[PDB]
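Shown below: my_file_12.tsv, with TSV, C-alpha atoms and all ligand atoms.
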chain	number	residue	atom	x	y	z
W	5	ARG	CA	-30.16	-12.24	-0.01
W	6	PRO	CA	-30.85	-8.52	-0.60
W	7	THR	CA	-32.31	-6.95	-3.73
W	8	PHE	CA	-30.07	-5.56	-6.44
W	9	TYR	CA	-30.31	-2.87	-9.09
W	10	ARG	CA	-28.35	-2.08	-12.23
W	11	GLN	CA	-27.07	1.11	-13.76
W	12	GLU	CA	-24.43	2.10	-16.30
W	13	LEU	CA	-21.60	4.38	-15.15
W	14	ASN	CA	-19.08	5.67	-17.71
W	15	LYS	CA	-18.64	2.63	-20.02
W	16	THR	CA	-19.06	0.14	-17.08
W	17	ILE	CA	-22.08	-1.77	-15.71
W	18	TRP	CA	-22.81	-1.95	-11.92
W	19	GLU	CA	-25.13	-4.34	-10.06
W	20	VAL	CA	-25.09	-3.51	-6.36
W	21	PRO	CA	-27.51	-4.12	-3.49
W	22	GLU	CA	-30.20	-1.50	-2.70
W	23	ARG	CA	-28.32	-0.84	0.55
W	24	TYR	CA	-25.95	1.27	-1.55
W	25	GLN	CA	-27.40	4.43	-3.19
W	26	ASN	CA	-26.12	7.32	-5.32
W	27	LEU	CA	-23.06	5.82	-7.01
W	28	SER	CA	-20.84	8.53	-8.53
W	29	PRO	CA	-17.68	7.41	-10.33
W	30	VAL	CA	-14.50	8.33	-8.51
W	31	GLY	CA	-11.64	6.63	-10.34
W	32	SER	CA	-10.57	3.69	-12.42
W	33	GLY	CA	-8.06	1.14	-13.56
W	34	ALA	CA	-7.34	-2.06	-15.40
W	35	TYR	CA	-7.84	-3.55	-11.88
W	36	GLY	CA	-11.29	-2.07	-11.29
W	37	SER	CA	-13.50	1.02	-11.00
W	38	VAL	CA	-14.72	2.80	-7.93
W	39	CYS	CA	-17.81	4.71	-6.95
W	40	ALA	CA	-18.66	6.65	-3.86
W	41	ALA	CA	-21.99	5.70	-2.43
W	42	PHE	CA	-24.28	6.13	0.52
W	43	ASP	CA	-24.70	3.14	2.79
W	44	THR	CA	-28.34	3.33	3.94
W	45	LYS	CA	-27.71	0.80	6.69
W	46	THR	CA	-25.16	3.00	8.54
W	47	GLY	CA	-25.68	6.51	7.19
W	48	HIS	CA	-22.01	6.60	6.12
W	49	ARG	CA	-20.43	7.41	2.81
W	50	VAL	CA	-18.59	4.40	1.31
W	51	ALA	CA	-16.43	3.39	-1.62
W	52	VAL	CA	-17.44	0.35	-3.74
W	53	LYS	CA	-14.76	-1.12	-6.02
W	54	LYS	CA	-15.86	-3.38	-8.87
W	55	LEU	CA	-13.06	-5.63	-10.00
W	56	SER	CA	-12.62	-5.42	-13.73
W	57	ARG	CA	-12.27	-8.97	-15.04
W	58	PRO	CA	-11.63	-10.96	-11.84
W	59	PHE	CA	-11.34	-14.40	-13.48
W	60	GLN	CA	-10.10	-13.50	-17.01
W	61	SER	CA	-6.87	-15.46	-16.43
W	62	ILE	CA	-5.34	-17.68	-13.70
W	63	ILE	CA	-3.28	-14.60	-12.75
W	64	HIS	CA	-6.32	-12.26	-12.59
W	65	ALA	CA	-8.01	-15.03	-10.61
W	66	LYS	CA	-5.15	-15.45	-8.14
W	67	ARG	CA	-4.86	-11.66	-7.77
W	68	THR	CA	-8.60	-11.45	-7.02
W	69	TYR	CA	-8.18	-14.11	-4.42
W	70	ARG	CA	-5.16	-12.29	-2.93
W	71	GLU	CA	-6.89	-9.02	-2.71
W	72	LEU	CA	-9.96	-10.54	-0.99
W	73	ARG	CA	-7.95	-12.57	1.47
W	74	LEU	CA	-5.78	-9.62	2.35
W	75	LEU	CA	-8.76	-7.38	2.86
W	76	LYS	CA	-10.72	-9.88	4.92
W	77	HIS	CA	-7.66	-9.85	7.21
W	78	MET	CA	-6.87	-6.09	7.57
W	79	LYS	CA	-8.40	-4.78	10.85
W	80	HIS	CA	-6.59	-1.62	11.81
W	81	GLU	CA	-7.59	2.04	11.89
W	82	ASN	CA	-4.70	2.99	9.58
W	83	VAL	CA	-5.32	0.25	7.01
W	84	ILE	CA	-8.14	-0.10	4.44
W	85	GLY	CA	-10.38	-2.88	5.52
W	86	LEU	CA	-13.56	-4.59	4.37
W	87	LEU	CA	-17.03	-3.30	5.29
W	88	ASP	CA	-18.66	-5.53	2.70
W	89	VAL	CA	-18.00	-7.92	-0.16
W	90	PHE	CA	-20.70	-9.01	-2.54
W	91	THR	CA	-21.50	-10.66	-5.89
W	92	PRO	CA	-24.86	-10.55	-7.73
W	93	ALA	CA	-24.15	-14.26	-8.56
W	94	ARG	CA	-26.50	-16.62	-6.70
W	95	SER	CA	-24.20	-19.58	-7.48
W	96	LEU	CA	-20.53	-20.47	-8.06
W	97	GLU	CA	-21.48	-21.27	-11.66
W	98	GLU	CA	-22.73	-17.73	-12.45
W	99	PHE	CA	-19.88	-16.21	-10.29
W	100	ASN	CA	-17.96	-13.69	-12.35
W	101	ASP	CA	-18.13	-10.30	-10.57
W	102	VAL	CA	-16.73	-9.16	-7.21
W	103	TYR	CA	-17.46	-5.86	-5.42
W	104	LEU	CA	-15.57	-4.59	-2.47
W	105	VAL	CA	-16.76	-1.89	-0.02
W	106	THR	CA	-14.88	0.12	2.58
W	107	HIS	CA	-15.13	3.60	4.20
W	108	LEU	CA	-14.83	6.49	1.75
W	109	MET	CA	-11.77	8.66	2.09
W	110	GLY	CA	-11.67	12.20	0.74
W	111	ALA	CA	-8.34	12.34	-1.01
W	112	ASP	CA	-4.84	10.82	-1.37
W	113	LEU	CA	-1.48	12.43	-0.60
W	114	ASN	CA	-0.20	13.16	-4.11
W	115	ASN	CA	-3.23	15.51	-4.23
W	116	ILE	CA	-2.22	17.26	-0.99
W	117	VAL	CA	-0.52	20.60	-1.86
W	122	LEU	CA	2.98	20.74	4.54
W	123	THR	CA	3.79	21.95	8.10
W	124	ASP	CA	5.84	20.02	10.68
W	125	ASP	CA	3.01	18.79	12.91
W	126	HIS	CA	1.07	17.79	9.81
W	127	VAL	CA	4.09	15.73	8.69
W	128	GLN	CA	4.35	14.23	12.19
W	129	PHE	CA	0.79	13.06	12.35
W	130	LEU	CA	0.62	11.65	8.78
W	131	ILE	CA	3.96	9.72	9.03
W	132	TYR	CA	3.02	8.50	12.52
W	133	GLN	CA	-0.19	6.95	11.14
W	134	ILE	CA	1.53	5.34	8.05
W	135	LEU	CA	4.08	3.78	10.42
W	136	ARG	CA	1.34	2.60	12.74
W	137	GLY	CA	-0.44	0.95	9.85
W	138	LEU	CA	2.83	-0.45	8.52
W	139	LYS	CA	3.75	-1.86	11.94
W	140	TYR	CA	0.50	-3.85	11.76
W	141	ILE	CA	0.93	-5.07	8.15
W	142	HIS	CA	4.60	-6.03	8.70
W	143	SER	CA	3.63	-8.06	11.79
W	144	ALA	CA	1.47	-10.32	9.60
W	145	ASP	CA	4.59	-10.90	7.55
W	146	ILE	CA	3.08	-8.78	4.70
W	147	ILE	CA	5.20	-6.38	2.66
W	148	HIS	CA	3.40	-3.54	0.88
W	149	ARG	CA	6.09	-3.13	-1.84
W	150	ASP	CA	4.43	-0.07	-3.48
W	151	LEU	CA	3.92	2.57	-0.85
W	152	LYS	CA	3.45	5.95	-2.58
W	153	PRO	CA	1.43	9.16	-2.00
W	154	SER	CA	-1.33	8.04	-4.32
W	155	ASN	CA	-1.75	4.83	-2.22
W	156	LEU	CA	-2.26	6.71	1.08
W	157	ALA	CA	-5.81	8.00	1.66
W	158	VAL	CA	-6.70	10.91	3.92
W	159	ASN	CA	-9.76	12.84	5.18
W	160	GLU	CA	-9.84	16.60	5.95
W	161	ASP	CA	-9.51	15.54	9.62
W	162	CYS	CA	-6.03	14.07	8.56
W	163	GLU	CA	-7.04	10.54	9.47
W	164	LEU	CA	-5.01	8.30	7.15
W	165	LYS	CA	-5.36	4.78	5.77
W	166	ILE	CA	-3.03	2.69	3.63
W	167	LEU	CA	-4.63	1.33	0.46
W	168	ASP	CA	-3.66	-1.63	-1.84
W	169	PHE	CA	-0.98	-3.22	0.42
W	170	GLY	CA	0.02	-6.86	0.18
W	171	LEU	CA	0.94	-9.43	-0.69
W	172	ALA	CA	2.63	-9.90	-4.04
W	173	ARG	CA	0.34	-7.68	-6.15
W	184	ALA	CA	6.26	7.76	-11.09
W	185	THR	CA	6.07	4.88	-8.58
W	186	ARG	CA	9.80	4.33	-9.12
W	187	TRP	CA	10.41	7.55	-7.18
W	188	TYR	CA	9.44	5.87	-3.87
W	189	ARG	CA	11.05	2.48	-4.60
W	190	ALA	CA	13.95	1.23	-2.50
W	191	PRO	CA	17.25	0.79	-4.38
W	192	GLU	CA	17.48	-3.00	-3.62
W	193	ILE	CA	14.07	-3.70	-5.18
W	194	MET	CA	14.72	-1.36	-8.06
W	195	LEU	CA	17.96	-2.94	-9.18
W	196	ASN	CA	16.73	-6.51	-8.85
W	197	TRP	CA	18.29	-7.87	-5.66
W	198	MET	CA	15.13	-10.01	-5.31
W	199	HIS	CA	15.59	-11.07	-1.62
W	200	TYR	CA	14.63	-7.72	0.05
W	201	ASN	CA	12.72	-7.44	3.33
W	202	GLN	CA	9.90	-5.41	4.89
W	203	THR	CA	12.22	-2.41	5.20
W	204	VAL	CA	11.65	-1.71	1.51
W	205	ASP	CA	8.50	0.03	2.78
W	206	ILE	CA	10.48	2.08	5.32
W	207	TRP	CA	12.47	3.49	2.39
W	208	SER	CA	9.27	4.58	0.66
W	209	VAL	CA	8.10	6.16	3.89
W	210	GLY	CA	11.34	8.18	4.05
W	211	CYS	CA	10.76	9.34	0.48
W	212	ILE	CA	7.14	10.30	1.24
W	213	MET	CA	8.14	12.18	4.40
W	214	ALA	CA	11.06	13.98	2.74
W	215	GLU	CA	8.63	15.21	0.05
W	216	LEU	CA	5.90	16.36	2.47
W	217	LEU	CA	8.42	18.52	4.42
W	218	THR	CA	10.15	19.77	1.35
W	219	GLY	CA	7.35	19.92	-1.25
W	220	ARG	CA	9.34	18.09	-3.93
W	221	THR	CA	10.10	14.53	-4.89
W	222	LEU	CA	13.30	13.41	-3.17
W	223	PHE	CA	14.41	11.28	-6.07
W	224	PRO	CA	12.68	12.09	-9.44
W	225	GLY	CA	14.46	9.50	-11.63
W	226	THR	CA	13.57	9.50	-15.35
W	227	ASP	CA	14.36	5.77	-15.25
W	228	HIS	CA	15.79	3.07	-12.94
W	229	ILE	CA	19.50	3.79	-13.64
W	230	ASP	CA	19.00	7.53	-13.11
W	231	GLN	CA	16.90	6.85	-10.03
W	232	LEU	CA	19.79	4.93	-8.55
W	233	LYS	CA	22.24	7.74	-9.42
W	234	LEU	CA	20.07	10.29	-7.60
W	235	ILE	CA	19.82	8.06	-4.55
W	236	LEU	CA	23.59	7.49	-4.37
W	237	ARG	CA	24.09	11.28	-4.62
W	238	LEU	CA	22.37	11.78	-1.26
W	239	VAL	CA	23.15	8.61	0.67
W	240	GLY	CA	26.65	8.07	-0.86
W	241	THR	CA	27.98	4.91	-2.60
W	242	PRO	CA	28.15	1.77	-0.43
W	243	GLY	CA	31.15	1.13	1.71
W	244	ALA	CA	32.75	-2.31	1.22
W	245	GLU	CA	30.46	-3.64	4.06
W	246	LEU	CA	27.31	-3.30	1.95
W	247	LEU	CA	29.23	-4.07	-1.24
W	248	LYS	CA	30.07	-7.55	0.05
W	249	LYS	CA	26.42	-8.51	0.46
W	250	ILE	CA	25.65	-7.81	-3.23
W	251	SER	CA	25.44	-11.19	-5.03
W	252	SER	CA	25.19	-9.89	-8.64
W	253	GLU	CA	28.47	-8.71	-10.20
W	254	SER	CA	26.23	-6.86	-12.67
W	255	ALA	CA	24.97	-4.60	-9.88
W	256	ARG	CA	28.24	-4.74	-7.88
W	257	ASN	CA	30.35	-3.73	-10.88
W	258	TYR	CA	27.92	-0.97	-11.85
W	259	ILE	CA	28.15	0.52	-8.36
W	260	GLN	CA	31.95	-0.16	-8.59
W	261	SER	CA	31.97	1.61	-12.02
W	262	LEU	CA	30.22	4.67	-10.60
W	263	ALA	CA	32.69	7.37	-9.59
W	264	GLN	CA	32.59	7.40	-5.78
W	265	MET	CA	30.33	9.84	-3.93
W	266	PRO	CA	30.16	10.88	-0.25
W	267	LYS	CA	27.13	10.79	2.00
W	268	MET	CA	25.69	14.30	2.25
W	269	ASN	CA	24.76	15.65	5.65
W	270	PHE	CA	20.98	15.53	5.80
W	271	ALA	CA	20.81	18.86	7.69
W	272	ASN	CA	22.05	20.73	4.59
W	273	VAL	CA	19.65	19.01	2.16
W	274	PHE	CA	16.71	19.34	4.57
W	275	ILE	CA	17.89	22.76	5.80
W	276	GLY	CA	15.33	24.44	8.07
W	277	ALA	CA	13.47	21.24	8.86
W	278	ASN	CA	12.92	20.03	12.35
W	279	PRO	CA	16.22	18.28	13.16
W	280	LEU	CA	14.25	15.39	14.72
W	281	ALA	CA	12.67	14.78	11.29
W	282	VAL	CA	16.19	15.06	9.73
W	283	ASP	CA	17.39	12.33	12.10
W	284	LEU	CA	14.40	10.04	11.41
W	285	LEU	CA	14.98	10.40	7.70
W	286	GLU	CA	18.65	9.51	8.18
W	287	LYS	CA	17.58	6.24	9.87
W	288	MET	CA	15.05	5.40	7.10
W	289	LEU	CA	17.06	6.29	4.11
W	290	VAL	CA	20.03	3.89	4.55
W	291	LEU	CA	21.12	1.85	1.50
W	292	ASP	CA	21.67	-1.19	3.64
W	293	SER	CA	18.29	-2.62	4.41
W	294	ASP	CA	19.80	-4.63	7.24
W	295	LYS	CA	20.58	-1.25	8.81
W	296	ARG	CA	17.20	0.49	8.09
W	297	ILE	CA	14.99	1.30	11.02
W	298	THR	CA	11.83	-0.80	11.22
W	299	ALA	CA	8.29	0.48	11.65
W	300	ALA	CA	8.10	-0.43	15.37
W	301	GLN	CA	11.49	1.25	16.02
W	302	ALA	CA	10.42	4.35	14.08
W	303	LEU	CA	7.27	4.83	16.11
W	304	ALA	CA	9.40	5.02	19.28
W	305	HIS	CA	11.66	7.74	17.76
W	306	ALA	CA	11.48	11.22	19.39
W	307	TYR	CA	9.86	12.91	16.36
W	308	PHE	CA	6.53	11.18	17.24
W	309	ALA	CA	6.62	12.05	20.97
W	310	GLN	CA	3.33	13.96	20.64
W	311	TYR	CA	1.64	10.83	19.21
W	312	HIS	CA	3.52	7.65	20.25
W	313	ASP	CA	1.70	5.40	22.63
W	314	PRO	CA	3.04	1.84	23.01
W	315	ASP	CA	-0.35	0.66	24.27
W	316	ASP	CA	-2.12	1.67	21.04
W	317	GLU	CA	0.06	0.37	18.21
W	318	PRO	CA	-1.46	-3.05	17.68
W	319	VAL	CA	-0.04	-5.94	15.71
W	320	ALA	CA	-1.97	-8.38	13.52
W	321	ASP	CA	-3.25	-11.90	13.77
W	322	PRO	CA	-0.98	-14.20	11.87
W	323	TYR	CA	-1.74	-14.31	8.13
W	324	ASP	CA	-1.69	-17.45	6.03
W	325	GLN	CA	-0.27	-16.56	2.67
W	326	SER	CA	0.65	-20.16	1.74
W	327	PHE	CA	-1.67	-19.83	-1.30
W	328	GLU	CA	1.05	-17.65	-2.83
W	329	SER	CA	3.28	-20.63	-3.71
W	330	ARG	CA	0.28	-22.55	-5.24
W	331	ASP	CA	-0.12	-22.90	-9.02
W	332	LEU	CA	-3.83	-23.62	-9.47
W	333	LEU	CA	-6.49	-23.61	-12.11
W	334	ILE	CA	-8.69	-20.64	-12.84
W	335	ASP	CA	-11.76	-22.57	-11.51
W	336	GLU	CA	-9.82	-23.45	-8.41
W	337	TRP	CA	-8.85	-19.81	-7.64
W	338	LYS	CA	-12.40	-18.79	-8.56
W	339	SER	CA	-13.99	-21.32	-6.20
W	340	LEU	CA	-11.65	-20.28	-3.40
W	341	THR	CA	-12.65	-16.59	-3.92
W	342	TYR	CA	-16.31	-17.56	-3.81
W	343	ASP	CA	-15.79	-19.44	-0.56
W	344	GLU	CA	-14.22	-16.32	0.93
W	345	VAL	CA	-17.12	-14.19	-0.22
W	346	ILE	CA	-19.67	-16.62	1.34
W	347	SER	CA	-17.77	-16.82	4.63
W	348	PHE	CA	-17.44	-13.06	5.07
W	349	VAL	CA	-18.49	-11.82	8.52
W	350	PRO	CA	-19.31	-8.09	8.60
W	351	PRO	CA	-17.54	-5.88	11.14
W	352	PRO	CA	-19.81	-5.00	14.11
W	401	LIG	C1	-12.22	-2.66	0.06
W	401	LIG	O1	-12.80	-2.00	-1.08
W	401	LIG	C2	-12.22	-0.85	-1.61
W	401	LIG	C3	-13.06	0.11	-2.19
W	401	LIG	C4	-12.50	1.28	-2.69
W	401	LIG	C5	-11.14	1.52	-2.60
W	401	LIG	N1	-10.66	2.74	-3.05
W	401	LIG	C6	-10.00	2.84	-4.19
W	401	LIG	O2	-9.55	1.84	-4.71
W	401	LIG	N2	-9.85	4.04	-4.73
W	401	LIG	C7	-8.93	4.27	-5.76
W	401	LIG	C8	-7.69	3.65	-5.82
W	401	LIG	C9	-6.84	3.93	-6.89
W	401	LIG	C10	-7.23	4.83	-7.89
W	401	LIG	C11	-8.47	5.46	-7.82
W	401	LIG	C12	-9.31	5.15	-6.77
W	401	LIG	CL1	-10.90	5.92	-6.70
W	401	LIG	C13	-10.94	3.84	-2.19
W	401	LIG	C14	-11.31	3.63	-0.87
W	401	LIG	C15	-11.66	4.70	-0.08
W	401	LIG	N3	-11.63	5.93	-0.58
W	401	LIG	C16	-11.24	6.14	-1.82
W	401	LIG	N4	-11.21	7.40	-2.23
W	401	LIG	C17	-10.66	7.84	-3.52
W	401	LIG	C18	-11.49	9.05	-3.94
W	401	LIG	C19	-9.16	8.21	-3.47
W	401	LIG	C20	-8.96	9.35	-2.52
W	401	LIG	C21	-8.29	6.99	-3.07
W	401	LIG	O3	-8.73	8.70	-4.77
W	401	LIG	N5	-10.92	5.09	-2.63
W	401	LIG	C22	-10.28	0.57	-2.03
W	401	LIG	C23	-10.83	-0.61	-1.54

Show me, as C-alpha cells, the structure contained in the file I just sent.
Amino acid sequence: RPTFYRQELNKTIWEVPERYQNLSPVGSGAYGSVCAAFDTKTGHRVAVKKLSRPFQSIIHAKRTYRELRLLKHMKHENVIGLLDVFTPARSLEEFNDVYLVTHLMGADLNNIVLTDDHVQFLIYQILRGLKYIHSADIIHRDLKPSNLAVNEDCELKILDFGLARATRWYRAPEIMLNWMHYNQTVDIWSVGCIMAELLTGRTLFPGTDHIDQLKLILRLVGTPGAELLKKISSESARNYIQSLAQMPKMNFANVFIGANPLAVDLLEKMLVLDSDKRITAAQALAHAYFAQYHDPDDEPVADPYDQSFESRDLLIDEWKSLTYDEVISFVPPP
C-alpha cells in the first residue's frame, strides 16, 4: 500500500497517493470533482475524479458500483478507461471514498469554437468508440458535446457512457417522449445532432422544452408516415403527433447547404425518426464519408459485459461491498 497525503481544494478534501502530484481543480458536480495531476510513475498528466458521496443512498451506491464496473471494462482508444482506482480506506469498514484516474484530456466539444476533415475525423472516432460500447450491449443514452473529450491533436474519447446512469438538444425523439423501449440507435441520433452542429456551428434542435424539441425535430425530418405511426403504443404520443398539422421531410441539402454532400447523406441516415431504420455505428463507419479513416481491421468490438447487477435491488452495504471487491481486484493496464 502506497503513502497518501491530504489537501483541501475548493470546499472539498482530497486524500490521494504520493504517486499523484500537483492537483489543480478542473470541474465539478453532484457526482464528483476532478483534478488534473501529474502521475510520477509514468510522467503523464492525468485526471483524478473523487466521487462525491458514493454510498449516501442505495442509489448512490448502485451508481458508484455501475460506474466502476463500466470503467473497469472499457478498453478502447476512443473510450475513457481506468488507469487507476483507489481508496484511502484500509478496510471495507472504513470504506467511504472512491477515486478514479484516467488520462487527462484538454477540452470537450461544446468548448470547441469546424472544417470538413475536422468533422470527419471527430465523428469517425465517436462512431469507433460507440461501435465498441454498443457491442457490449451498452447504450450511452446521453451523448453530447460536453461528454466528448478531445486533445489539441484531435484525439477523442467518450466520457460517462453506460449503463443506466441543454442535453435535451441531442436526445432522440423516442427517448424524449417516453417510448421507453428504445435501442442503441438513440446514440446514433445524438451523433447526427453533434455532427450537424460541428459542420454548421449551431445547435440543430434548440428546444426550450421537450414538446418544442419534438416540434423542431418534426420540422426537419417530417411527421411519421403511417408505418412508424403504427409502432407507437401510446395513444398519448400517437394522438399528439396525429394532432400536429402535417409537415414534409425537408431535403437535407438545402438545410445543410454548402456542406460536403457525403456528410449530408450520412446525416440523412442518422437522423431518421424510426429507430428501426437508423444506421448503426458499424454501418456508419463503412459509409463513404469516412473513406480517409475507415479500416475494418482496426474497429474493435468489446468483451461481453455482465450488467445483470442492473436488475438487482440490494442493500447499501451490499452495493458498497461489491464496489470494494472491484477496487481490490483492479489490475492496472500495462
Ligand atoms: C476514470 O476516471 C475519470 C477521471 C476524470 C474524468 N473526467 C471528468 O469527469 N471530467 C469532467 C466531466 C464532467 C464535468 C467536468 C469534468 Cl472536469 C475527465 C477525464 C479526462 N479529462 C478531463 N478533462 C476535463 C478538463 C474536461 C475536458 C472533460 O472538461 N476530464 C472522467 C473519468

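Checking W:167, W:62, W:162, W:20 one by one against ligand LIG 401 (chain W), counting only C-alpha atoms and all ligand atoms, you find the shortest gap at W:167.
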
Pull the closest atom pair for each residue of chain W that gets at most 9 Å from ligand LIG 401 (chain W), along with the distance in Å to one decimal, counting only C-alpha atoms and all ligand atoms, ordering rows by chain and then ascending residue number, as CSV.
residue,atom,partner,partner_atom,distance
W:29,CA,W:LIG401,CL1,7.8
W:30,CA,W:LIG401,CL1,4.7
W:31,CA,W:LIG401,CL1,3.8
W:32,CA,W:LIG401,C11,5.4
W:33,CA,W:LIG401,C10,6.8
W:36,CA,W:LIG401,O2,7.8
W:37,CA,W:LIG401,CL1,7.0
W:38,CA,W:LIG401,CL1,5.1
W:39,CA,W:LIG401,CL1,7.0
W:40,CA,W:LIG401,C18,7.6
W:50,CA,W:LIG401,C15,7.1
W:51,CA,W:LIG401,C4,4.6
W:52,CA,W:LIG401,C3,4.7
W:53,CA,W:LIG401,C3,4.4
W:54,CA,W:LIG401,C3,8.0
W:71,CA,W:LIG401,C1,8.7
W:72,CA,W:LIG401,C1,8.3
W:75,CA,W:LIG401,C1,6.5
W:76,CA,W:LIG401,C1,8.8
W:84,CA,W:LIG401,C1,6.5
W:85,CA,W:LIG401,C1,5.8
W:86,CA,W:LIG401,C1,4.9
W:87,CA,W:LIG401,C1,7.1
W:88,CA,W:LIG401,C1,7.5
W:89,CA,W:LIG401,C1,7.8
W:103,CA,W:LIG401,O1,7.4
W:104,CA,W:LIG401,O1,4.0
W:105,CA,W:LIG401,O1,4.1
W:106,CA,W:LIG401,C1,4.6
W:107,CA,W:LIG401,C15,5.6
W:108,CA,W:LIG401,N3,4.0
W:109,CA,W:LIG401,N3,3.8
W:110,CA,W:LIG401,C20,5.1
W:111,CA,W:LIG401,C20,3.4
W:112,CA,W:LIG401,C20,4.5
W:113,CA,W:LIG401,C20,8.3
W:115,CA,W:LIG401,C20,8.6
W:154,CA,W:LIG401,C21,7.1
W:155,CA,W:LIG401,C21,6.9
W:156,CA,W:LIG401,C21,7.3
W:157,CA,W:LIG401,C20,5.4
W:158,CA,W:LIG401,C20,7.0
W:159,CA,W:LIG401,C20,8.5
W:165,CA,W:LIG401,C15,8.6
W:167,CA,W:LIG401,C22,6.2
W:168,CA,W:LIG401,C22,7.0

Please return as JSON, numbers by chain every residue within 10 Å of (14.5, 8.6, -5.1), taking into account all atoms listed in the file and the file's own coordinates. {"W": [185, 186, 187, 188, 189, 190, 191, 207, 208, 210, 211, 212, 221, 222, 223, 224, 225, 228, 230, 231, 232, 233, 234, 235, 236, 237, 238, 289]}

Mind writing the picked residues with C-alpha atoms as a short mmCIF file (atom, residue, chain, number, x, y, z; two decimals), keeping the file's coordinate frame?
data_model
loop_
_atom_site.label_atom_id
_atom_site.label_comp_id
_atom_site.auth_asym_id
_atom_site.auth_seq_id
_atom_site.Cartn_x
_atom_site.Cartn_y
_atom_site.Cartn_z
CA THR W 185 6.07 4.88 -8.58
CA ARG W 186 9.80 4.33 -9.12
CA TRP W 187 10.41 7.55 -7.18
CA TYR W 188 9.44 5.87 -3.87
CA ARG W 189 11.05 2.48 -4.60
CA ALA W 190 13.95 1.23 -2.50
CA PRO W 191 17.25 0.79 -4.38
CA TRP W 207 12.47 3.49 2.39
CA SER W 208 9.27 4.58 0.66
CA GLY W 210 11.34 8.18 4.05
CA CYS W 211 10.76 9.34 0.48
CA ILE W 212 7.14 10.30 1.24
CA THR W 221 10.10 14.53 -4.89
CA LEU W 222 13.30 13.41 -3.17
CA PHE W 223 14.41 11.28 -6.07
CA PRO W 224 12.68 12.09 -9.44
CA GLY W 225 14.46 9.50 -11.63
CA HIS W 228 15.79 3.07 -12.94
CA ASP W 230 19.00 7.53 -13.11
CA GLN W 231 16.90 6.85 -10.03
CA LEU W 232 19.79 4.93 -8.55
CA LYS W 233 22.24 7.74 -9.42
CA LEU W 234 20.07 10.29 -7.60
CA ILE W 235 19.82 8.06 -4.55
CA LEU W 236 23.59 7.49 -4.37
CA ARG W 237 24.09 11.28 -4.62
CA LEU W 238 22.37 11.78 -1.26
CA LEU W 289 17.06 6.29 4.11
#

Find the residues around residue 322 in chain W up to 9 Å (only C-alpha atoms counted), leave out those fewer than 2 positions away in its own chain, and share them as a list in words. residues 143, 144, 145, 320 and 324 of chain W

Spatial neighbours of residue 323 in chain W, 12 Å, all atoms listed in the file, chain gap at least 4 places, as a PDB file with C-alpha atoms, in the frame of the given file:
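Everything below was put into around.pdb:
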ATOM      1  CA  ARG W  70      -5.160 -12.290  -2.930  1.00  0.00           C
ATOM      2  CA  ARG W  73      -7.950 -12.570   1.470  1.00  0.00           C
ATOM      3  CA  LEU W  74      -5.780  -9.620   2.350  1.00  0.00           C
ATOM      4  CA  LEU W  75      -8.760  -7.380   2.860  1.00  0.00           C
ATOM      5  CA  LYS W  76     -10.720  -9.880   4.920  1.00  0.00           C
ATOM      6  CA  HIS W  77      -7.660  -9.850   7.210  1.00  0.00           C
ATOM      7  CA  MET W  78      -6.870  -6.090   7.570  1.00  0.00           C
ATOM      8  CA  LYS W  79      -8.400  -4.780  10.850  1.00  0.00           C
ATOM      9  CA  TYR W 140       0.500  -3.850  11.760  1.00  0.00           C
ATOM     10  CA  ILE W 141       0.930  -5.070   8.150  1.00  0.00           C
ATOM     11  CA  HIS W 142       4.600  -6.030   8.700  1.00  0.00           C
ATOM     12  CA  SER W 143       3.630  -8.060  11.790  1.00  0.00           C
ATOM     13  CA  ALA W 144       1.470 -10.320   9.600  1.00  0.00           C
ATOM     14  CA  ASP W 145       4.590 -10.900   7.550  1.00  0.00           C
ATOM     15  CA  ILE W 146       3.080  -8.780   4.700  1.00  0.00           C
ATOM     16  CA  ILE W 147       5.200  -6.380   2.660  1.00  0.00           C
ATOM     17  CA  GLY W 170       0.020  -6.860   0.180  1.00  0.00           C
ATOM     18  CA  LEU W 171       0.940  -9.430  -0.690  1.00  0.00           C
ATOM     19  CA  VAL W 319      -0.040  -5.940  15.710  1.00  0.00           C
ATOM     20  CA  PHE W 327      -1.670 -19.830  -1.300  1.00  0.00           C
ATOM     21  CA  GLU W 328       1.050 -17.650  -2.830  1.00  0.00           C
TER      22      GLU W 328
END

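Minimum atom-to-atom distance to residue 249 in chain W, evaluated using only C-alpha atoms, belongs to W:292 out of W:130, W:213, W:220, W:292.
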
For residue 44 in chain W, which residue among W:123, W:56, W:25, W:201 is the nearest when counting only C-alpha atoms? W:25

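Here CA of residue 152 in chain W and CA of residue 164 in chain W stand 13.1 Å from one another.
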
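Candidate residues W:252, W:269, W:116, W:166 were compared for distance to residue 215 in chain W, and the nearest is W:116, using all atoms listed in the file.
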
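Using all atoms listed in the file, every residue with an atom at most 10 Å from the point (-0.5, -8.6, -13.6) is listed here: residues 34, 35, 61, 63, 64, 66, 67 and 173 of chain W.
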
Do you have, as CSV, the list of residues of range 84-202 of chain W lying at most 12 Å from range 277-281 of chain W, each with its nearest atom pair and that distance in Å to one decimal, counting only C-alpha atoms and ordered by chain then number?
residue,atom,partner,partner_atom,distance
W:122,CA,W:277,CA,11.4
W:123,CA,W:277,CA,9.7
W:124,CA,W:278,CA,7.3
W:125,CA,W:278,CA,10.0
W:127,CA,W:281,CA,9.0
W:128,CA,W:281,CA,8.4
W:131,CA,W:281,CA,10.3
W:132,CA,W:281,CA,11.6

Using only C-alpha atoms for the distances, tell me which of W:137, W:276, W:58, W:21 is nearest to residue 169 in chain W. W:137
